[PDB]
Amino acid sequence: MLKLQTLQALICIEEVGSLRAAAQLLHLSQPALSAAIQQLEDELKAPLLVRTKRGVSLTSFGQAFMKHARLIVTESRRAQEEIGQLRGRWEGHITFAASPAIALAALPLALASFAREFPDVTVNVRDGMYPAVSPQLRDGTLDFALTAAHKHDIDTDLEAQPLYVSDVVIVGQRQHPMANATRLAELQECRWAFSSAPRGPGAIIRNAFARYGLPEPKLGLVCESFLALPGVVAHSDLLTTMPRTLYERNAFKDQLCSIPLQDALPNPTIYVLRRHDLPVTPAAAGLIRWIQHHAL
């Protein structure tokens, strides 16, 4: 029998004056409790209980021992309470960073379902992108990030689980002069709103231009806000690249077009990124499952 339940029982035996009565009160087996106390007495080499007409009393050794017993039972309760609070604070909070596409499609449906399965968790959500999220993942102020990355180029401190394979489209003002282009080379003369990517401003379009044999793309401006990007392109002649989800869910849809090229653009893999030494909360894993569920 678990020692703490034995000590707990002795505490009860002191108050109600019977082994039998104590076992029934704490829902323990009489023959098991009796054998536990006996075992303990043999280890102690003294009796804790002396019989009377009514029941039992603590012996002299029993009274000495009970002071220790009382402190051990109390310490156990306090320990479980301290850690219950600390763990309660831990499990009750999630802080993460999401890419624009996850935030526009996956997250909203994920968050609804999640909050039913995990009703007691505050979630804190922010915009984020790798490599910028790396330092706060590392220093712990950020639990995980849901962001694009390149497998062969990720921090070693970080674990990376693929979430889904994403799409990138070239976007322009609805009647862009190059709306009918089928090739990258046909856009050499356009100016670009360099959108953000793991390898730097406009890295996706620069690298596309490079592999297809073209010079550097002509810069129009650098637009790091994905919130601002769709309207900016709508009121200018600048082209940009963006996630398909952003193109499909933005405020300026009817003023924009995509320019679908027969030349291939990349498919940025979206990753769960977190520090690997770190333990993941049940809720954190839960939220990931739900976002995953809506990223199929």
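Each residue number is its position in the shown sequence, starting from 1.
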Q | Per the entry, higher mean C-alpha B factor between 268 to 276 and 284 to 292 | A | 284 to 292
Q.
So, looking at the entry's B-factor column for Cα atoms, which has the higher mean, 201 to 209 or 139 to 147?
A. 139 to 147
(Q) Given 98, 178, 214, 158, identify the residue with the highest C-alpha B factor in the PDB entry. (A) 158
**Q.** Most elevated Cα B-factor in the entry, residues 74, 182, 188, 122
**A.** 122
Q) Sorting the chain's CA B-factors, does residue 237 end up in the lowest, middle or highest third? A) lowest
Q | For residue 260, the third of its chain into which the C-alpha B factor falls | A | middle
Q | Position of residue 70 among the chain's modelled residues by C-alpha B-factor, lowest, middle or highest third | A | middle
Q: Would you mind checking where the Cα B-factor of residue 54 ranks among the modelled residues of its chain, as the lowest, middle or highest third?
A: highest
Q) If you rank the chain by CA B-factor, which third does residue 27 end up in: lowest, middle or highest? A) highest
